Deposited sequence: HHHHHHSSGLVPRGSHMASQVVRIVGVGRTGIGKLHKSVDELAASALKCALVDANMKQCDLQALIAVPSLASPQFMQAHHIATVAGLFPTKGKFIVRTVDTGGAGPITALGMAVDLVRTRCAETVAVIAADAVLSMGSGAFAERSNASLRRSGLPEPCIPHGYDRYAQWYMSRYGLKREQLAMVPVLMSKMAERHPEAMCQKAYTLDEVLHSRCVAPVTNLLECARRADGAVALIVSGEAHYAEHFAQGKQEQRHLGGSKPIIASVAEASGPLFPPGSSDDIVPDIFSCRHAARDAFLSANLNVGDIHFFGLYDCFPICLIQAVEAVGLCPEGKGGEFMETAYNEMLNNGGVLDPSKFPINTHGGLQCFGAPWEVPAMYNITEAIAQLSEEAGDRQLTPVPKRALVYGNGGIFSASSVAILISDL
C-alpha cells in the first residue's frame, strides 16, 4: 500500500521561550491545517522524548495537554527513543501502522527546547545521557571526537577536511532565512574557533536550538477519498534501521560498528533504487565526522574518502567565487544541525522538511534544478548508535 506524508507543520527555530508542550501543540495544529484535516481525523500519534522537559509517556502527555482526548474511535499513542534517528524511526513505524491497518492516519511529532533550558542544565542532562561511557565532558562531542581521531589514523582523514563541513553547511544556511547561522564561515574561522574536543571546535558542533515539527502520514487512497502536488505530499518509498553501541570502546574501534551503511543498503533495496536515482540528500550532521561517514555510507563516495569529498566541494566553491552551487553539493541545503539548528532529537525532521521543499520546488534560492524526483533522508542517534534512513519520492 502506498503511504504518503500528507501534512507538515513546524514552529520557528532558536530561543523561543515556550514550553515543549506548547511547541508540540503548535507544530501539530500547523500540520493538520497543511493536511486539510482536523484532530478527529487522526488515528495515531508517535512522539520522541525531550531533554528540556522529560516526561513519562511523552507522547501521551503531549496528546493529553494538547486536548486530543476524549476521542471518537480508536487512537494509538506511542513514544520511541532512538535518539536523533527517532523522527525517521517513527516514520517507519507510521508506515507499518497504516499497512497493517491499525491506523489510517498517523501524526509523528518531535519537540524540544534545549536552547531556552540554559547551558548549565543542557550540559548536565546531555552529559548524564552518557553515564558509564568513560567519556570526558562534554561527553557527546568527545565520543564523536574519538571516532574522528580513529578516521584520521585509519583512513588519513585530515583535520581541515573536518572543518570544511561547517563551512559548506554555513554556505547553505545563508540562503535559508530561518537558519540560526546567518553569515557563512571561512575555514580559518572554524579552525580558530574555540576548541571543544581534541579535533572538534565550537563551530563544528551541533547548534543548540528550540523547535518542533509535526508530520501527518496517511495511505494514499484514504487521503484522496476524504481530504483531497506529488512532491509536496511525497511517497515514503522505504524506511530502514540499524544500530551500534551507545558509546565507543575504551581502546581503539572497527568498521562494522558503523550502521548507516546497513540502513542505507536496506532502504535502497526496499525502494528498488540506487544512489544515482537520488538527487537530494538530507544527512544528519551533528559533527563533521557524522556527515563524512554519511556520504560514504549512502554511496556518494568510497569508504574512507568522505573527507576528500568535502575538500573537492570546498575547493570548487572557492574557484566559483565563493558560491556553493546546490547542484554540485545536493546535501543539507537548509544548513543541517551545524548551521540550521539542532533541538536534540528533532532535527532529522528538518532533513525531511527540506527534502519536501526540494521535491515540491518550494526551496527558493536553495532550489535544485532540475526538480529532484527522489530524496534520501538520514537520522543518527547516540554516538553512531542508531541509523534511520528513508527514501521519499514524488510519484
Unmodelled spans of the deposited chain sequence come out as 1-19, 248-255, 280-281, 425
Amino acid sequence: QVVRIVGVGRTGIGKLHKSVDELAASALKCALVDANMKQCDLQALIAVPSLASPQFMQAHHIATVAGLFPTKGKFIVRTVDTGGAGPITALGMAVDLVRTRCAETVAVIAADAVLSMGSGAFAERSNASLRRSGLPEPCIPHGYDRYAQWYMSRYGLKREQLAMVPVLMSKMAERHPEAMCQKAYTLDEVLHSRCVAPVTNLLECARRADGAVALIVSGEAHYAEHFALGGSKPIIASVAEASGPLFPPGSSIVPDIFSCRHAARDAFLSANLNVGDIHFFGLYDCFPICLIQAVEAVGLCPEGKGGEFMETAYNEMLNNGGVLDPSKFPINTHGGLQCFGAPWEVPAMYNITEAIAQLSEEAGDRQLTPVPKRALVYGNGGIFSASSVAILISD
From here on, numbers count along this sequence of modelled residues.
Do a third or more of the other compared entries leave residue 229 out of the model?
yes
Of the other PDB entries for this protein whose models extend past residue 272 on both sides, does at least a third leave it without coordinates?
no
Test of understanding: from the entry's C-alpha B-factors, which stretch has the higher mean, 104-112 or 257-265?
257-265
Average Cα temperature factor in the PDB entry - higher stretch of 363-371, 327-335
363-371
Highest recorded Cα temperature factor - choice among 189, 308, 285, 241:
189
Residue of maximum C-alpha B factor among 81, 145, 316, 296, per deposited coordinates
316
Entry-reported C-alpha B-factor of residue 351 relative to its chain, by third, is lowest
With respect to C-alpha B-factor, does residue 166 fall in the lowest, middle or highest third of the chain as deposited?
lowest
State the tercile, meaning the lowest, middle or highest third, of residue 221 with respect to the CA B-factors recorded for its chain.
highest
Determine, from the deposited record, the chain-internal third of the Cα B-factor for residue 89: lowest, middle or highest.
lowest
When the modelled residues of the chain are sorted by Cα temperature factor, does residue 64 land in the lowest, middle or highest third?
middle
